[PDB]
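So you can see what is in the structure, the chains are spelled out below.
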Amino acid sequence: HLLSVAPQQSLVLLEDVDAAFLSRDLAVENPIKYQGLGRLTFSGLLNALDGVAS
Amino acid sequence: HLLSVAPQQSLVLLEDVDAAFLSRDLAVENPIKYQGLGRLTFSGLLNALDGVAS
Amino acid sequence: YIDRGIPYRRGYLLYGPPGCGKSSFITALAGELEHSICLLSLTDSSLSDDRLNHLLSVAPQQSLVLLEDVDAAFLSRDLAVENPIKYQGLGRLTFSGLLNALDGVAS
Amino acid sequence: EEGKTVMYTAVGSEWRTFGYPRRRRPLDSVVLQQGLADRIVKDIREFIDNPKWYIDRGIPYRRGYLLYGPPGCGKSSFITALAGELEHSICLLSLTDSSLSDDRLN
Amino acid sequence: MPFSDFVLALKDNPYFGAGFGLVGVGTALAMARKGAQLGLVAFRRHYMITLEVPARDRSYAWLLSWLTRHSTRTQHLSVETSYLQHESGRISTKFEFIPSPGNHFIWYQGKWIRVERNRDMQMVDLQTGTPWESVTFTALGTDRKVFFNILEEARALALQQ
Amino acid sequence: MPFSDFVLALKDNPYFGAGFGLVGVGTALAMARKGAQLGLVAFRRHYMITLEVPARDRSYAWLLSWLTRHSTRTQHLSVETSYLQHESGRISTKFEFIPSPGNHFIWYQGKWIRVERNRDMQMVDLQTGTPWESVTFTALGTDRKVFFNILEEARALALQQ
Amino acid sequence: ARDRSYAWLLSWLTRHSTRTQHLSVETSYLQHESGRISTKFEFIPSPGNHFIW
Ligand SMILES: Nc1ncnc2c1ncn2[C@@H]1O[C@H](COP(=O)(O)OP(=O)(O)OP(=O)(O)O)[C@@H](O)[C@H]1O
Ligand SMILES: Nc1ncnc2c1ncn2[C@@H]1O[C@H](COP(=O)(O)OP(=O)(O)OP(=O)(O)O)[C@@H](O)[C@H]1O
Ligand SMILES: [Mg+2]
Ligand SMILES: [Mg+2]
């Protein structure tokens, strides 16, 4: 919703993306675990940045 | 309930199904653990996709 | 059943590889016997032992209580050999609760 | 409720009736090891009939039983039959509950 | 002193005579209000039949379904959207109407029942969505068999269709 | 004593005659108030049609959209901001007006429907943001087909545009 | 109700209530000296206005 209601003529800024999810060892590992605080998931982020409803 | 009240002439799209549950090593392991955020289970998804109430 | 004191209950188990026709046969049988199907999810979050007993006590008449994929509710094999049969679910259900609900004193 | 067995349950911090009074299971319908049922019934009936023997010696007037064995041998059925025989009611208790605490258990 | 002096004082004022008559008016009004309450209570107790169905019984669902079916030409309905599967194999929307809350009148068995849909009050209940909705069956008469027949017909219709 | 003495005592006071006349005034006022209620109930039951749509049905969304479109020149609207993607490829702000809560009048099929946007009462509901909003269709008449036609037109327009 | 005096005074009011006819029931299990326990019907004056002498 937030990516769908951004004000016109604006640059959405996702700063320090690498801190959102585990990487390297866990990237090779099957799950891309979410090392955050809320209810955001890697697949959700992928679909939000470029998916069907983008 | 959601799969039973889907609007007519519509495609239900479960994108990135692999992230819902563990896989491979854990698939060989006895439990198919749900690595999600909610209260969904593998048996629940299997029954919803094709079960008795589908 | 009554003349010999046996509880008037019965249960059935259908096991096999996936895609062989367990759920379809259950639906066909429920249609044939003019019964209804009571879908009960063991691995729910709001299901407790007292709630399970109450639900199994107020099931509609001429109905088939359907516990599908029973093996997913509790751990097995290694944990079955292990002292506790851990409940790999979300609610507050235990193995002894299910055992007593299926066949106990208040069943 | 006579001719049937009432089964209570833990509702909050009180015992409340659970469902309707179940029909009694005849005692002879449960076949245990030879003479075991007679021994248990004799013990429990003797305990019930003699409270003075406990009071005159200061022993607390309580008694507890344990039935252990492989599943499918007749423990729960025998308990139901004994409750029917003694015309008592059954107060089901689930130790592994979520609302159960020490004070609530007491 | 309070007895003799006041009576002379009250008799001195001609407005007391109008005022004392107004005391009779006030007592009569209080008596009139009390008479209404006792009369209503007696009438309800002796000549009316009442059956309330809470939201915690399956009888509530059965009776609601039977009321939705047998609603005559009631013009205080509320909509209910559902998907109906035709025998052709496809599913189309089903516009089903259920009587909206209010006072509805039926003519079952030659009587005039006053079925009424009690609405949500405090959004507290159990085993449901917690609306605490109810229906009250009120009618003029003394026999209880009307409501029993209604309940049996509701169960039969639930087992029907 | 209570019968004979009071009759003389009341007759002694001429204000009782004025007071007893006032008793008839109170009785008539209570009867007039009750007469209004029965008349209103009978008129609503016999000559008016009511259709309530809660917010728990998709019919609510369809009917709300149809009301927003077909509102004639209603001057009790409320704003609703959204972004419209033009065919040119860019997106600009879109100002859409939805009838604000209140009593609104339409002239669909020669009648005068009295649509009313029910407002939030206790902020409790399910399957939504919990505002418990509803719409009531009130019109004078006995036929029910007008509301069904409205619902079908709403579904068609939802499938349209 | 936050003082032990409340409990003591409630007990004394239940005991010395004269012939108050606005009581409320209170069920408790009483152990008889014979070794058995039977139901005990104890009445506590229901909330309202009561008068003592
Ligand atoms: N014996 C059979 N006869 C006809 N169709 C069958 C049979 N076995 C399986 N099918 C088909 O397989 C599909 C699903 O079967 P079903 O759900 O019964 O299998 P299952 O693996 O036992 O299910 P579940 O995962 O619910 O336990 C349906 O399309 C059904 O028609
Ligand atoms: N001695 C017996 N006589 C008659 N029926 C018996 C006997 N032992 C077992 N059964 C039958 O076995 C079934 C279940 O028995 P029961 O519940 O007592 O077994 P259990 O293994 O002791 O139980 P639980 O799992 O509650 O500990 C019933 O159908 C009962 O009739
Ligand atoms: Mg199957
Ligand atoms: Mg047993």
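Residues numbered from 1 in each chain as written, not as in the entry; some residues may be left out. Chains lettered and ligands numbered in written order. Part of a larger assembly, values for the part shown. Heavy atoms only, no water.

Method of determination, as given in the entry header: cryo-EM; reported resolution: 3.46 Å.

Draft legend 1. Broad picture of the site of ligand 1. All residues adjacent to ligand 1 are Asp50 of chain B together with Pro18, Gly19, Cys20, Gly21, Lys22, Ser23, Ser24 and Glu68 of chain C. Compared with its free state, where it exposes 630 Å², ligand 1 has 52% of that area covered by protein. (Near = heavy atom within 4 Å. Areas by Shrake-Rupley, 256 points an atom, 1.4 Å probe, with all protein chains shown as cover.)

Draft legend 2. Representation of the site of ligand 2 in the model. Taken together, 13 residues form the shell around ligand 2, and within it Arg25, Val31, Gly72, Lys75 and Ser76 of chain D come nearest. Close to ligand 2, residues of chains C and D are found. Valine 31 of chain D is positioned with one of its backbone polar atoms (N or O) 2.3 Å from a nitrogen atom of ligand 2. At 3.4 Å from a nitrogen atom of ligand 2 is found a main-chain nitrogen or oxygen belonging to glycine 74 of chain D. (Polar contact = N/O pair within 3.5 Å; in protein donor to acceptor, adjacent residues only side chain to side chain.)

Draft legend 3. Broad picture of the interface of chain F and chain E. Contacts between the two partners involve 30 residues from chain F and, on the opposite side, 28 residues from chain E. For the pair chain F and chain E, the summed buried area comes to about 2600 Å², and 58% of that belongs to carbon and sulfur atoms. Considering only the surface of chain F that becomes buried against chain E, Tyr15, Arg45 and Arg144 of chain F emerge as the three largest contributors, covering 23% of it. Linking chain F to chain E there are 1 salt bridge. Residue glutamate 52 of chain F pairs with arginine 119 of chain E through a salt bridge whose shortest N-O separation is 3.9 Å. (Contact = heavy atoms within 4.5 Å. Buried area = accessible area lost by both parts, 1.4 Å probe. Salt bridge = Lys/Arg side-chain N within 4 Å of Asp/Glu carboxyl O.)

Draft legend 4. Seen up close, the environment of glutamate 153 of chain E. All names here are of chain E. Take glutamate 153: it is sitting in helix α4 (residues 145–159). Since its relative accessible area comes to 30%, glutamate 153 is described here as partly exposed. Residues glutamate 153 and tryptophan 62, spaced 91 residues apart in sequence, show a C-alpha to C-alpha distance of 9.4 Å. In contact with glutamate 153, not counting residues within four places along its chain, are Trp66 and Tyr108. (Helix = DSSP H or I, 4+ residues; strand = E, 2+ residues; numbered from the N terminus. Buried < 20%, exposed > 50% of the residue type's maximum accessible area, 1.4 Å probe, protein only.)

Draft legend 5. Representation of the packing of helix α3 (residues 58–69) of chain F against helix α4 (residues 145–159) of chain F. Residue and element names in this part refer to chain F. Viewed as axis vectors pointing N to C, α3 and α4 meet at an angle of 85°, and their least axial separation amounts to 8 Å. Here α4 runs roughly perpendicular to α3, going by the angle between their axes. Along its contact with α3, which presents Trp62, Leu63, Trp66 and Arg69, the element α4 presents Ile150, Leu151, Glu153, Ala154, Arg155, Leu157 and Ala158. In terms of residue class, the contact of α3 with α4 is built from 8 nonpolar, no polar and 3 charged. (Axes fitted to C-alpha atoms, helices over the stretch in contact; angles between N-to-C directions. Parallel < 35°, antiparallel > 145°, perpendicular 65-115°, else oblique. Nonpolar A, V, L, I, M, F, W, Y, C, P; charged D, E, K, R; others polar.)

Draft legend 6. Seen up close, the coordination of the magnesium ion (ligand 3). The protein atoms that coordinate the magnesium ion (ligand 3) are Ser23 of chain C (N) and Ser23 of chain C (OG), at distances of 2.6 Å. Structurally, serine 23 of chain C is set in helix α1 (residues 22–32). (Donors = N, O, S within 2.8 Å, 3.2 Å for Na, K, Ca; no water.)

Draft legend 7. Quick peek at the nonpolar core. Formed by 26 residues in total, the largest nonpolar core has its most connected members in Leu63, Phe137, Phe147 and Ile150 of chain F. When residues of this core are traced back to their parent elements, those giving at least two are β2 (76–85) and β3 (91–99) of chain E together with β1 (48–53), α3, β5 (134–140) and α4 of chain F. Here this core gets 6 residues from one element, more than from any other, and that element is α3 of chain F. Setting aside anything within four residues of it in sequence, one finds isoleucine 150 of chain F in contact with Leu63, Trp66, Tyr108 and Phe137 of chain F. One finds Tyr108, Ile113, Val135 and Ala139 of chain E within the second-largest nonpolar core, a separate group that totals 20 residues. (Core = buried A, V, L, I, M, F, W, Y, C linked by side-chain atoms within 4.5 Å.)

Draft legend 8. Spotlight on the coordination of the magnesium ion (ligand 4). On the protein side, the magnesium ion (ligand 4) has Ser76 of chain D (N) and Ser76 of chain D (OG) as donor atoms, found 2.7 Å from it. For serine 76 of chain D, the location among the structural elements is in helix α3 (residues 75–85).

Draft legend 9. How the structure looks around the sheet that holds β2 of chain E. Taken together, 5 strands build an open sheet; the order of strands is β3(E)-β2(E)-β1(F)-β5(F)-β4(F) and the sheet is mixed. A strand with exactly one partner marks an edge of an open sheet, and here the two such strands are β3 of chain E together with β4 (116–118) of chain F. Going from strand to strand, the sheet's axes swing by 30° on average, the running direction of each strand aside. Two elements, β1 of chain F and β5 of chain F, share 6 bridges in a ladder whose sense is antiparallel. Bridge pairing links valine 53 of chain F to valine 135 of chain F in β5 of chain F. Against the sheet, helix α2 (residues 14–47) of chain F touches β2 of chain E together with β1 and β5 of chain F, its axis set at about 80° to β1 of chain F. Contacting β2 and β3 of chain E together with β1, β4 and β5 of chain F, α3 of chain F runs over the sheet at an angle of about 115° to β2 of chain E. (Pairing = 2+ DSSP bridges.)

Draft legend 10. Quick look at helix α4 (residues 95–102) of chain C. Residues and elements named next belong to chain C. Of all the residues in α4, the buried ones are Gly97, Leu98 and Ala101. Looking straight down α4, one finds its buried side chains confined to an arc of 95°; they lie on one side. Contacts made by the buried residues of α4 are with α2 (49–57). (Arc of directions from axis to C-beta.)

Draft legend 11. Highlighting unusual backbone geometry. Even without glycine at this site, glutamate 34 of chain C takes up a positive phi of about 55°. Assignment of secondary structure puts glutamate 34 of chain C in the loop between α1 and β1 (36–40). Residue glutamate 34 of chain C is classed as exposed on the basis of its relative accessible area, which comes to 69%. In the Ramachandran plot, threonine 72 of chain E falls in the positive-phi region, its phi being about 55° despite a non-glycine side chain. Its relative accessible area of 24% is what places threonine 72 of chain E among the partly exposed residues.

Draft legend 12. Structural detail: a nonpolar patch on the surface. Residues and elements named next belong to chain A. On the surface, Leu3, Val12, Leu14, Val17 and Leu49 cluster together to form a nonpolar patch covering roughly 440 Å² of accessible area. When you line up the elements, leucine 3 lands in the segment before α1 (25–28). Overall, the relative accessible area of 41% leaves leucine 3 in the partly exposed class. (Patch = residues over 30% accessible without salt bridge, like charges linked within 9 Å, V, L, I, M, F, W, Y side chains within 5 Å.)

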